Amino acid sequence: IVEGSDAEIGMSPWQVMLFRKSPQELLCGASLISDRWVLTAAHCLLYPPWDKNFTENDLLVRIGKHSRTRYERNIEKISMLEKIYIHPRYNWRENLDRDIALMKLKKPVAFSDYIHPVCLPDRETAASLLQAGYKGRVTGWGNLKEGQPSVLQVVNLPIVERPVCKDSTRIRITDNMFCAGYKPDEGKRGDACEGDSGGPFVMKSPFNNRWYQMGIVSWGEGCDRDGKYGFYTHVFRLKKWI
Amino acid sequence: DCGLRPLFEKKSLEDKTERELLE
Amino acid sequence: XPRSXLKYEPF
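Residues numbered from 1 in each chain as written, not as in the entry; some residues may be left out. Chains lettered and ligands numbered in written order. Heavy atoms only, no water. Residues with missing side-chain atoms left out of burial classes, pairs and counts.

If you check the header, you'll see the entry was determined by X-ray crystallography and the resolution is listed as 3.5 Å.

As structure tokens, then:
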């Protein structure tokens, strides 16, 4: 992640890697919203314009994930999908709207100190927080600058005034997409970059001091420019579909 | 049990940056 | 959209 710091053992038992078999590689990131379910970015799985499309077959998934390279032996978990679920009003054509998808693990993952779920909002929770200025941590082993960490990368970002988020871009945004990251003036940087994608936007609830997945890494044209913020997915509006 | 980090919350740790989250 | 911009693949 642009302008970030290295993660800690246990600090996000909810992160999984989107690692195809061959070119045996890492394509994205995901979250454990179950004992046997996983959700993530949409494009991250079906992007025509840059010919892509996968299947359970294609890829295999991985958990317990501190090191980005290694073989997390007896602390790392892994299984391959049993079926992918894209979301029917997806706009890879338009702006990468309802950038979401879920993957029913062919097999169930039993938890531990490294693999532990996340919960999803309620208009309530999704209301206290989802507010200008209130920050969120976004993780992943993406692109250190606009080369790749050896370990996990954690940033913190404040929401942004819905308007200001509009004239950051030039792409037409929907009440479904939410934009994070500090300002030009603010004097401080951060951003989740290449491969940060499909990553969680976990926010902490002061009420029940629970960890609440507020978003999903969708886009941004860049990697920490004095003038734009990244854009993520409303884990919520879409809380219906999920 | 979800949202409950077994190496922090689950038994009182608070990660180096969480508290920056808090304000 | 994803990677990227400022409709070309990676890099």
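After that view, the rundown keeps rolling.
Peer 1: Could you clarify how one ought to interpret the environment of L26 of chain A in this entry?
Peer 2: All names here are of chain A. Of note, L26 is situated in strand β3 (residues 24-31). Sequence separation of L26 and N53 is 27 residues, and the distance between their C-alpha atoms is 15 Å. Residue contacts for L26: discarding those within four places in its chain leaves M17, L18, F19 and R68. (Helix = DSSP H or I, 4+ residues; strand = E, 2+ residues; numbered from the N terminus. Contact = heavy atoms within 4.5 Å.)

Peer 1: Help me out: how do you make sense of unusual backbone geometry in this one?
Peer 2: A negative phi angle is the norm for most residues apart from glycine, just as the trans form is the norm for most peptide bonds. In this structure, the amide linkage connecting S22 of chain A to the following residue, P23 of chain A, adopts the cis form with an omega of 0 degrees. Examined against the element boundaries, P23 of chain A turns out to sit in the loop between β2 (15-21) and β3. Here the phi dihedral of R3 of chain C falls at roughly 140 degrees; this positive angle occurs in a residue that is not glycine. At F11 of chain C, a residue that is not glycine, the phi angle is positive and equals roughly 85 degrees.

Peer 1: Help me understand empty space enclosed by the protein, please; the structure alone is not making it clear to me.
Peer 2: Space left empty within the atom packing is revealed by a probe, the size of a water molecule, rolled over the atoms. Looking at the largest cavity, its volume works out to about 120 Å³. Lining the largest cavity are 15 residues, and of these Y182, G190, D224, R225 and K228 of chain A lie nearest its centre. (1 Å grid on protein atoms, 1.4 Å probe; cavity = no way out; pocket = protein on both sides within 12 Å on 5 of 7 lines; lining within 4 Å. Points joined across faces, edges and corners; volume = space filled by probe spheres on them.)

Peer 1: Mind showing me how you'd approach the pattern of salt bridges here?
Peer 2: Residue and element names in this part refer to chain A. In this structure the tally under the stated criterion is 14 salt bridges over all chains. With its nearest N and O atoms 2.8 Å apart, the salt bridge here joins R20 to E25. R20 gets classed as partly exposed once you look at its relative accessible area, which sits at 23%. A salt bridge links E76 to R62, with the nearest nitrogen and oxygen atoms 2.8 Å apart. With a gap of 14 residues between them, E76 in the loop between β5 (59-63) and β6 (77-79) and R62 in strand β5 connect regions that are remote in the sequence. Of the two residues examined, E76 and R62, each falls in the buried class. (Salt bridge = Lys/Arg side-chain N within 4 Å of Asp/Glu carboxyl O. Buried < 20%, exposed > 50% of the residue type's maximum accessible area, 1.4 Å probe, protein only.)

Peer 1: Is there a simple way to think about the arrangement of the chains in this case?
Peer 2: Between all 2 pairs of chains that are in contact, chains A and B come out with the most contacts. Chain B shows no contact with chain C. Their nearest C-alpha atoms sit 27 Å apart.

Peer 1: I keep staring at the packing of aromatic side chains and nothing clicks. Help me out?
Peer 2: For any pair of aromatic rings, the description rests on two quantities: the centre-to-centre distance and the angle between the ring planes. Residue and element names in this part refer to chain A. For the structure on display, the rule yields 7 aromatic pairs over all chains. Between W14 and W211, the ring centres sit 6.0 Å apart and the planes meet at 45 degrees, which makes this aromatic pair tilted. Ring geometry for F178 and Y232: centres 5.8 Å apart, planes at 15 degrees, overall stacked. Note that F178 is positioned in strand β11 (residues 177-179) and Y232 in strand β14 (residues 231-233), a separation of 54 residues in sequence. Neither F178 nor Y232 differs from the other in exposure class; each is buried. Cluster of aromatic residues (ring-pair linked, three or more members): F178, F201 and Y232. Over the aromatic face of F19 sits the side chain of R62, whose NZ or CZ is 4.4 Å from the ring centroid. (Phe/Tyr/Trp six-rings, centres within 6.5 Å; stacked < 30°, edge-to-face > 60°. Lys NZ or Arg CZ within 6 Å of the ring centre and 35° of its normal.)

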